[PDB]
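Notes for the one structure printed next.
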Number of protein chains: 4
Amino acid sequence: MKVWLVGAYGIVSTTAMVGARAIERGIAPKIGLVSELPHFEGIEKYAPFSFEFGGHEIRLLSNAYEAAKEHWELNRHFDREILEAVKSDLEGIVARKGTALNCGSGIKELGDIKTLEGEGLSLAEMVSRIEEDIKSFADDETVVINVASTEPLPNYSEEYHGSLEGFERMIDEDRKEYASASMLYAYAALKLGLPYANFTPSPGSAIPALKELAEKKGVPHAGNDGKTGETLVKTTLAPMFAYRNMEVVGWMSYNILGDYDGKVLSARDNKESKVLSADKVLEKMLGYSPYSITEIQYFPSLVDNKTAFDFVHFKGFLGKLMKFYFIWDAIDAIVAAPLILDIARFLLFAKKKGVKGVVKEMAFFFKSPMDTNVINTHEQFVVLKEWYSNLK
Amino acid sequence: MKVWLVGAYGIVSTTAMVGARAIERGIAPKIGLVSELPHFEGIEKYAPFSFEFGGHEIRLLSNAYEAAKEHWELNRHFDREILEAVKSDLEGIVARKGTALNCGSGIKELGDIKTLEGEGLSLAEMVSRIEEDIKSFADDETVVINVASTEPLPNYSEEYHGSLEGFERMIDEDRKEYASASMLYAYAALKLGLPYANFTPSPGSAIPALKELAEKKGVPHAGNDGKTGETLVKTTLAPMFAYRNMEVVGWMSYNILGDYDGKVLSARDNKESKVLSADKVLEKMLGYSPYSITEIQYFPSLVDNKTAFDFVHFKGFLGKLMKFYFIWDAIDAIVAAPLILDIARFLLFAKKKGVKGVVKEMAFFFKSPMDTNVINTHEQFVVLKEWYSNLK
Amino acid sequence: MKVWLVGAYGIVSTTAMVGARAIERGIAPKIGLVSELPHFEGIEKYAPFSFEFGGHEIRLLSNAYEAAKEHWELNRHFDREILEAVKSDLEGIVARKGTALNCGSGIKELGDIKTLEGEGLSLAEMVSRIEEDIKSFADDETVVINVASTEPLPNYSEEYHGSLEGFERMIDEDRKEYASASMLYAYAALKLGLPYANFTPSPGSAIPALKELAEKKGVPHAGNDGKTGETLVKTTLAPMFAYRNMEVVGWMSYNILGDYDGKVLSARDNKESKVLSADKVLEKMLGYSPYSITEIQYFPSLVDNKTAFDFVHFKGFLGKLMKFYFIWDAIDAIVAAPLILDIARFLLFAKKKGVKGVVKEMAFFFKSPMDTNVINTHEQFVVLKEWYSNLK
Amino acid sequence: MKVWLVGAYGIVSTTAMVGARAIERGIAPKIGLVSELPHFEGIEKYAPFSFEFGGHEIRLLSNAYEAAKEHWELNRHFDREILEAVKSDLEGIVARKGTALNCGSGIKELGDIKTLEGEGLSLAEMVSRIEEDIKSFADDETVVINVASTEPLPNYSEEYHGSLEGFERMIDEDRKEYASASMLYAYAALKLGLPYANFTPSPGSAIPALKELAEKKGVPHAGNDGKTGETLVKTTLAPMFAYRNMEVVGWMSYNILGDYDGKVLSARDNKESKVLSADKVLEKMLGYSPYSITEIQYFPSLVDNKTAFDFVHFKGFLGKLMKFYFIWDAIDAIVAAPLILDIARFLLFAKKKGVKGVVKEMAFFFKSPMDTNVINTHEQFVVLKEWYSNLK
Ligand SMILES: NC(=O)c1ccc[n+]([C@@H]2O[C@H](COP(=O)([O-])OP(=O)(O)OC[C@H]3O[C@@H](n4cnc5c(N)ncnc54)[C@H](O)[C@@H]3O)[C@@H](O)[C@H]2O)c1
Ligand SMILES: NC(=O)c1ccc[n+]([C@@H]2O[C@H](COP(=O)([O-])OP(=O)(O)OC[C@H]3O[C@@H](n4cnc5c(N)ncnc54)[C@H](O)[C@@H]3O)[C@@H](O)[C@H]2O)c1
Ligand SMILES: NC(=O)c1ccc[n+]([C@@H]2O[C@H](COP(=O)([O-])OP(=O)(O)OC[C@H]3O[C@@H](n4cnc5c(N)ncnc54)[C@H](O)[C@@H]3O)[C@@H](O)[C@H]2O)c1
Ligand SMILES: NC(=O)c1ccc[n+]([C@@H]2O[C@H](COP(=O)([O-])OP(=O)(O)OC[C@H]3O[C@@H](n4cnc5c(N)ncnc54)[C@H](O)[C@@H]3O)[C@@H](O)[C@H]2O)c1
Ligand code: NA
Ligand code: NA
């Protein structure tokens, strides 16, 4: 299959790519890959473990190996022997210039960039560029996945976001103020008939205009926001207090990371997307609102080794308060990369089984799952096993 | 309803008793009580929230208030106002002398004791004493719950444990070597037709002889070993790594507590019951065996504020290792006491709905659930909701 | 001795007062009191353990017992038996209306207040009120200690802060914009010849104008900002990495607390004082600057049980990075209250031994110690033992 | 200078050796090296940073590179580029067969071994072998350092350990029962006039017989037991509670590690040396005894990444209890290796300045410092700076 990755030179994207090749060549195991769990035995009928890559970027690099090597040099998150072994393959992956339209002050932190809007292009002329890039690449086993830096909350609009005719009136009118890059790549993927998933908390396809598009076109789509680390523990651990009839009175989450993702999210406007996609979640599981703080702070020595500290204060019998603490030390790109591969495969599956519109049943992968109030990791894994069973 | 509690002067038992009265008088909330969750709306038809208490003890105290006050003085785990309010009621709860038969070197740590075997009695004469105590107390809404100190592994016997005729040949023969106190109270409860649960990891009713008894007599029973704190997190958190196709390569659990339970478990022979009821659990959820250490150490300053430190080391994508830590700070008797009340109510329910034999469906409450390989807290809560739905 | 406490109805102040009486009546031990360590044997010649209290407040309460009881009700940070025992004594402690001048947006969080400036008074007329309150109270064994909510950074001024003639030209001119409440109480204490310490990070006496005053008047003074919890660990633990020739590359401190102090510091302008009095400290011990973040977030369930989470990332041999974590769970008022008593006693001592100006040698008590680059807790404890030895 | 290392193929030893060469070739920094702190400017007059290595081993390997590579393969605790760069130099380091005499059941865990006693040799004939190995190597700038696996407590003897004439009567008599390998290498180093340090908690030179020897021969010696990680925090952090007049009521230390050191210490008899060299330390700083547990458990996934979890429970004002937690994640060989280099250099220094007998002033490096009750890391660093100042 083919996968077009927006943000193709990022750490998640490049580590998905390193990983795919390394497993393909049989020099790495298949751990971390949900689509390789036994209950999904049979998936390789529809989405075999075979990948070719392309994508959009705004940072300047020769190819995807150079990009992979840049993150590796800092993180050493896979062996030098893997890098060497996948070099050749990754050198032939060359991203295309995308659009950083309304992608926040955070984008400054990425250094050297070049974008389509900086060429002067109108919305319609950018859309055309994006679609040309993908369609030239795409086939009938192609999926577009967004793994680009998180954008701030978009400029509000019922007219331009509320319907597909309204969204297309935006492009027609060249009303840049209401378009964000991630809306345009999602728009482009769906107009071309390709499945789309958003691994970031940027709006993407989560606006009505694009939900309506995906359905008309009969195209499956999923998101938003990969649930990979702290929030996975949170949606796995919060249920417990509910099952035991306890009140969570406060829950603190503090995350520190560096590298590009930590840099970008170091901006106030970009940060806001991720902190509000991480605060309403307790309520969806407990039905009420504990005092819940969630913070991201930049901390450069850690690079992609995002580390989180949470503290859960909770009432139990007689209303006596008690305490729980945890700490997560993992590299974000390792928890994230095989999920891109699973999501893709599950997308191809769903496309082949005639699925269209939000694949709500893929909530298991995401912090802000579209078109569903099922947040509890256990309930989401069941919904996912049962979804796939019904369609196999 | 009535509840006969073995170890009636313990902290769990006395805090169940304080709590029951305090809620009865409407001066405490119903938090921590699973039987009060909305899905169990309707239970109060069969097991209303109304309790009268009795039990067996070996430590010497005037009544259950004096006992409650002793633990309170050290722990202050509920308000002074509650204690005062429940005093009168608890002063009229007077335990009966039980049996510490083959209950380990740990029993020394409890100080002043007196037991039936120390009167010289044979097995048959002790059995008679125990049954006389309970039957005089019991009615048709009576349940017997074991909350006594944890016993070591019992002396092995196919003949005497393997069948009810064989177990009764033990009593007949006065073969003390093969009987443990907790087998005799379980034997007595079931011979009298009362439901029984074991909140401790001592054998209790978990031997074939007594499983066969409960069935013949048409009596429901549940256990073993209340899952209240660290192990609840463990069976709630371990699934996550499985759902995400990760390998847990090692898992460390270290617990420190004091007070009587920490004292008794400070012995090598008594400790062994609890550490082996806490080590095989990962396998039942993951299907393989991480390196898993589980320790209990005495630490007197903590009293009943058992605190646990766990560390989970796990492989993910490409086999990169990563780390998770947690720490649990809670008072054991607060996490444990409403469960005694739930278990009782669920026992009365099950009795009334004609249930007999192991109530496997109550696995949710226990670390060593009898007659079931369902350990995952999520799966156990579902099995419990569905059990009760089918019978309501 | 007498102690006038600014913020006399706060938790620190009231718990110093509860504690002093409880020890006086011999119903509490002398733990937490540095002035009671054996190397300070002999201090009771100059500052016996005997206290009478007064102070300034802006929150409305009948007396210091009602105030003590308010914090106790929420925190239960000492026994009910102590409260009862010290009631009478504390009921006869009645604060006087002070001034909240330029004390930040945070002051809103304290609810019901009344202040001198709200009566309309000029600077000179407020100064007069403050001095009248204290002088009526004071004797020759009186010390004034500031334990009031933290103020934001004051409005900058060389003219009005730079000299005593300049500061007094401020009062004369009624230039409120450049005066903060804590400058006026410090000004008043020193004009009356009383020793002063600042337990908060508000400017207090730490401006040149007031340093010059204290010297002229021959009056000892100390500050700023009680080092009681996290920062005590930080100045005790940071040296270690230096002694071992390691580079600290990043150090994260995150604090969560509630109650009034957490409320007030919940404001952006008030928070700023405490976060900049907690960030430059590493450099003073290591001589360079690790990436250091320090945050305070409001978290109401904790009340005065401020809890902190720090993470220290550091290079060692060959430049390999390694990790250290800690967590502090303590009630702030317990760590803070005996220090008020020590500081006072050490102030009276110093006054009697003819000491004047900044008592740099009391750095051991403070996060921002005036007139000294000695931050390392070990070095500060030595400087303090040696100071007192030289004067005894 | 030359350094003879007992246990020359261990991770500490080989990483000291990798490190020394890598710094020598100017491809690594001098971090972690206490002898390179500015207060020891001038040391390179007496002990320049220049090293040649030799040592005794019992595990079978071709040279010190193969040994270094074995630990590296598992731990990757320095770059591949360093290994390659130091290869040649390390290939020419070939250990000599030593003695595992009375070195515990733990020694089984090391796999393939060969030892002098297994050749049949008497004590006198082994001593001769050991001395021949070292003397052939030694010069006038040679030091012998013990970095071999920890031995159990030795078989008790006043006669044979109590005096040098008595110890030599042991060798003479061939009374193996009372000799441990580490006593014989220490005996040999000192008879040859070489300085000796013990980086392990095995007796070494810490018996009177060998203390008397070192003095007669005018030879400096130091130990025991490198204080590198958890215990360094403990002797840095414990003072704080004392300075603040608090009572530590309990202190828990739990360590988990793997690799050879964790394997060997996995034995009950070997473990005992390290747990009793880690329990009496609090008293030497606080003057009383908190409840203190200290444990080591094997945990193979961690290899040399020893991780520790401590919990400190302590009374403060009014006797209110409060809590502190910490966790140490570091690789033991990184914290340990430059100390071998410092200790050596400080040994050569001391030898040249005519120092003889225990160098008590090197306590700073060790968990069980000989001939001194100075345990507090701050006080030990001062004693060390002042020692060196007095002699420079
Ligand atoms: N565990 C995780 O790594 C995790 C979890 C949840 C969500 N995410 C989201 O995944 C995304 C990528 O994560 P990462 O850690 O690889 O970050 P990264 O910054 O290294 O990668 C993002 C890449 O996208 C590029 N980019 C930014 N805006 C773009 C645009 N509008 N068009 C085309 N390219 C653009 C950047 O140049 C960069 O190369 C981030 O939004 C992150 O928040 C990551
Ligand atoms: N969260 C929890 O508190 C928790 C969790 C799981 C299991 N448990 C089990 O619950 C039991 C009670 O816990 P606790 O903390 O109240 O301990 P506890 O020691 O205070 O109470 C046990 C009581 O039983 C009595 N006893 C001991 N052996 C007896 C015998 N054979 N016959 C009659 N009485 C006997 C003791 O005297 C004591 O009063 C222990 O086995 C414990 O391991 C507790
Ligand atoms: N461990 C600690 O508790 C700790 C450590 C370092 C510094 N401090 C500082 O101590 C101070 C008091 O701490 P707390 O926890 O008791 O807080 P608190 O809010 O309960 O007490 C402060 C009291 O001062 C009063 N106040 C505020 N501004 C005033 C003004 N300008 N004039 C007169 N009264 C005023 C408030 O009404 C309140 O009653 C805070 O600044 C705090 O930041 C506390
Ligand atoms: N931070 C630390 O690494 C640390 C801290 C304090 C003490 N120590 C002590 O340092 C010693 C070495 O630590 P390591 O982690 O390198 O362990 P390691 O097991 O890898 O190295 C010890 C080496 O000594 C050899 N050996 C064992 N007994 C011997 C004998 N009697 N004669 C000659 N060789 C022998 C072993 O074969 C091995 O190669 C251990 O005692 C350890 O407890 C280490
Ligand atoms: Na870690
Ligand atoms: Na705690």
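Both counts, for ligands and for their atoms, begin at 1 and track the order of listing. Lettering follows sequence order; numbering is per chain, from 1.
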Identity and distance of the protein heavy atom lying nearest [atom]:
{"atom": "atom 40 (C) of ligand 2", "value": "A148(B) O, 3.5 Å"}
{"atom": "atom 33 (C) of ligand 2", "value": "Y185(B) OH, 3.2 Å"}
{"atom": "atom 17 (O) of ligand 2", "value": "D261(B) CB, 3.6 Å"}
{"atom": "atom 21 (O) of ligand 2", "value": "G10(B) CA, 3.1 Å"}
{"atom": "atom 2 (C) of ligand 2", "value": "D332(B) O, 3.4 Å"}
{"atom": "atom 13 (O) of ligand 1", "value": "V12(A) CG2, 3.8 Å"}
{"atom": "atom 8 (N) of ligand 2", "value": "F199(B) O, 3.8 Å"}
{"atom": "atom 20 (O) of ligand 1", "value": "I11(A) N, 3.2 Å"}
{"atom": "atom 12 (C) of ligand 2", "value": "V147(B) O, 3.1 Å"}

Stepwise salt bridge (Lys or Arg N to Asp or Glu O under 4.0 Å) test for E117(A) and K97(A) | CA-CA 10 Å; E117(A) 71 273 15; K97(A) 189 196 318 153; over 6 Å; no
Using a 4.0 Å cut-off to any heavy atom of [X], which atoms of ligand 2 qualify?
{"X": "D225(B)", "result": "6 (C), 7 (C)"}
{"X": "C103(B)", "result": "31 (N)"}
{"X": "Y9(B)", "result": "39 (O)"}

Contact check: [X] vs ligand 2, nitrogen or oxygen atoms, below 3.5 angstrom:
{"X": "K274(B)", "value": "no"}
{"X": "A181(B)", "value": "no"}
{"X": "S13(B)", "value": "no"}
{"X": "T99(B)", "value": "yes"}
{"X": "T228(B)", "value": "yes"}
{"X": "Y260(B)", "value": "no"}
{"X": "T150(B)", "value": "yes"}
{"X": "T200(B)", "value": "no"}

Any donor-acceptor pair under 3.5 Å from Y260(A) side chain to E109(A) backbone |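 Flag not set: sc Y260(A) to bb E109(A) has no pair under 3.5 Å.
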Taking the side chain from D112(B) and the backbone from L60(B), do they hold a donor-acceptor pair closer than 3.5 Å?
->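 No, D112(B) side chain to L60(B) backbone: no donor-acceptor pair under 3.5 Å.
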Ion pair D329(B)/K306(B), N-O distance below 4.0 Å =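 Looking at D329(B) and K306(B), the cut-off is not met.
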Considering only NZ, NE, NH1 and NH2 on the basic side and carboxylate oxygens on the acidic side, decide whether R59(B) and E70(B) come within less than 4.0 Å.
->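 Here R59(B) pairs with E70(B) in a salt bridge, since their nearest N and O are under 4.0 Å apart.
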Answer with yes or no whether [X] contacts ligand 2, where contact means a heavy atom under 4.0 Å from a ligand atom.
{"X": "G7(B)", "result": "yes"}
{"X": "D259(B)", "result": "no"}
{"X": "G229(B)", "result": "no"}

Determine the interplanar angle of the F299(D) and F311(B) rings, folded into 0 to 90°, and report it as parallel if under 30°, tilted if 30 to 60°, perpendicular if over 60°.
->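 Judged by the thresholds at 30° and 60°, the geometry between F299(D) and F311(B) is tilted.
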For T14(A) and ligand 1, answer yes if some heavy atom of the residue is under 4.0 Å from a ligand atom, otherwise no.
->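 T14(A) does not count as a contact of ligand 1 under the 4.0 Å cut-off.
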Report the member of [options] with the shortest heavy-atom distance to [atom].
{"atom": "atom 6 (C) of ligand 1", "options": "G226(A), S182(A), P201(A)", "answer": "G226(A)"}
{"atom": "atom 38 (C) of ligand 2", "options": "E57(B), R96(B), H56(B)", "answer": "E57(B)"}
{"atom": "atom 28 (N) of ligand 2", "options": "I107(B), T15(B), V6(B)", "answer": "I107(B)"}

Round to 10° and report the angle made at the Na ion (ligand 5) by OD2 of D329(A) and OD2 of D329(D).
->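 Approximately 120° at the metal, rounded to tens of degrees.
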Provide the number and element of each atom of ligand 1 under 4.0 Å from a heavy atom of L110(A).
->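 What qualifies from ligand 1 is 36 (C), 37 (O).
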Which of the atoms in ligand 1, numbered in the order shown and given with their element, are less than 4.0 Å from a heavy-atom of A336(A)?
->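 Numbered from 1, ligand 1 contributes 1 (N), 2 (C), 3 (O).
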State, yes or no, whether a side-chain contact exists between [X] and [Y] at a heavy-atom distance under 4.5 Å.
{"X": "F309(D)", "Y": "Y325(B)", "answer": "yes"}
{"X": "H56(A)", "Y": "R129(A)", "answer": "no"}
{"X": "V233(A)", "Y": "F324(B)", "answer": "yes"}

Just one of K323(C), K320(C), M322(C) clears the side-chain contact (heavy atoms from CB on, under 4.5 Å) bar with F314(C), so which one?
->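 The side-chain contact (heavy atoms from CB on, under 4.5 Å) with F314(C) is passed solely by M322(C) among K323(C), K320(C), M322(C).
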For the rings on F199(B) and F366(B), is their centre-to-centre separation under 6.0 Å?
->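 No, the ring centres sit 6.0 Å or more apart.
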Does a donor on one side chain sit under 3.5 Å from an acceptor on the other, for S277(A) and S368(A)?
->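 Side-chain D/A pair, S277(A) to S368(A): present.
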With heavy atoms only and a cut-off of under 4.0 Å, state how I113(A) meets ligand 1: side chain, backbone, both or neither.
->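 For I113(A), no heavy atom sits under 4.0 Å from ligand 1.
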Mind checking whether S149(A) contacts ligand 1 via backbone (N, CA, C, O), side chain (CB onward), both or neither, at a 4.0 Å heavy-atom cut-off?
->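 Contact part for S149(A) vs ligand 1: both backbone and side chain.
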